[PDB]
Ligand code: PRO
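In the block that follows, a single chain appears as structure tokens, in the form solved without the named molecule.
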């Protein structure tokens, strides 16, 4: 019963805690920050291993060969290296990340090696899949058909911590999501494939999410959504739309960063934000602060967007963080200024809406609400919902509860059934309501 956890990010702690409970699981932890592992070693009995998986992919193979299960909590690019070691060594594996084309290229040997690899555990993906599949299957067991599926999700700060220009606090580097604002989105509505362009015009797709009168939510569609007809088996539905939730004004706040060229991949030019932004407003590069400001508003001139820039210090003398790109730096800056404090609460909000046509002809509207709040004295809501389902599927693999073999997501009741039940004991509870 030996388990190797790759990566020691804060998503790892609620996993260690969950698997440590019975004491019959030998936990090894490996990563490239010896500090992260030292702190974790104080709270849980774990064999620590310092390793750069990218560079020492052979020491990784030797380590992998010794385990009964590998849980990859590494940045998802590295998952293929880990799956390779697991495939040659016949060791089961789980991840909390999208099964990429790269990792899917390996699907056959995974079935030839006779191992099980369960990916797309976690929050999004993960619990979203499991909630959808649960009710999509429940409809089919009664001869019903899915006509519409609208799902929205978002990890946010608890509302009392929402008073900043972005109405947001970042659980990790936003390098990935920020760039996604420049993307087009695609979804299905009333039988027609709908496409919305990203960039400056993406703010037009943003909409008010009025599920809860007490909460000020805006939503906007994800990149694709249309893929879920095949993924979930709902080819008959006329609308499929998955989206993200924020507090109102966040996207407008980002719309500014796009206008200023901050969501940009180029490299960085004693550098300060006013200098860096001077270079970005064409004027550069050592002019009076008020002159720099007159030009920022020119790309506008919306004061709310200017107010957000000043509040963060992007027009000030503060030093730009070292990074290989403007975005990389901006992300590292937003982290220094809007990370969660040790006594601040985050939030998870998830609302699904299914249109279920029954063979009798009745149209049922089913909604599922899942809201969780962080525990200051325990784990965050994001850490609970990302790390628990991963940790739960791992124990199920150990305890021998998943017979399916190969490379798979968490779509079969064999997987989502037990996880959805045992997360209740952990405070992740959802609620349902139907009407006809």
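Numbering follows the first chain given and starts at 1.
Per the record, residue 143 and residue 144 are directly connected, with no deposited-sequence residue omitted between them. In terms of unmodelled positions of the deposited sequence, the stretch from residue 282 to residue 283 in this entry skips 1 to 3 residues.
The PDB entry records a higher mean C-alpha B factor for 58-66 than for its counterpart among 379-387 and 58-66. The PDB entry records a higher mean C-alpha B factor for 30-38 than for its counterpart among 30-38 and 364-372. Among 226, 109, 97, 353, the highest C-alpha B-factor recorded in the PDB entry belongs to 109. Comparing the listed residues 266, 128, 210, 147, the entry records the largest Cα B-factor for 266. Among all modelled residues in its chain, residue 406 ranks in the middle third by Cα B-factor. Residue 132: CA B factor lies in the lowest third for its chain, per the PDB record. Ranked by Cα temperature factor within the chain, residue 258 sits in the highest third according to the deposited record. Among the modelled residues of its chain, residue 271 has a C-alpha B-factor that falls in the highest third according to the deposited record. In the PDB entry, residue 79 places in the middle third of its chain by CA B-factor.
One more form of this protein, deposited with the named molecule bound, exists but is not displayed; see below.
In the deposited bound form, none of the heavy atoms of residue 219 sits within 4.5 Å of a heavy atom of the named molecule. Taking non-hydrogen atoms only, residue 153 approaches the named molecule to within 4.5 angstroms in the deposited bound form.
Put simply, residue 148 is far from the named molecule in the deposited bound form: not one heavy atom of it is within 4.5 Å. At a distance threshold of 4.5 angstroms between non-hydrogen atoms, residue 293 is out of contact with the named molecule in the deposited bound form. In terms of contact with the named molecule in the deposited bound form, the residue from 185, 209, 123, 130 that brings a heavy atom within 4.5 Å is 123. Checked against the named molecule in the deposited bound form, the residues 244, 272, 285, 226 give one hit for a heavy atom within 4.5 Å, which is 244. Heavy atoms within 4.5 Å of the named molecule in the deposited bound form map, among the stretches 231-239, 210-218, 244-252, 185-193, onto 244-252 alone. Using a 4.5 Å cut-off on any heavy atom, the one residue of 375-389 that reaches the named molecule in the deposited bound form is 382.
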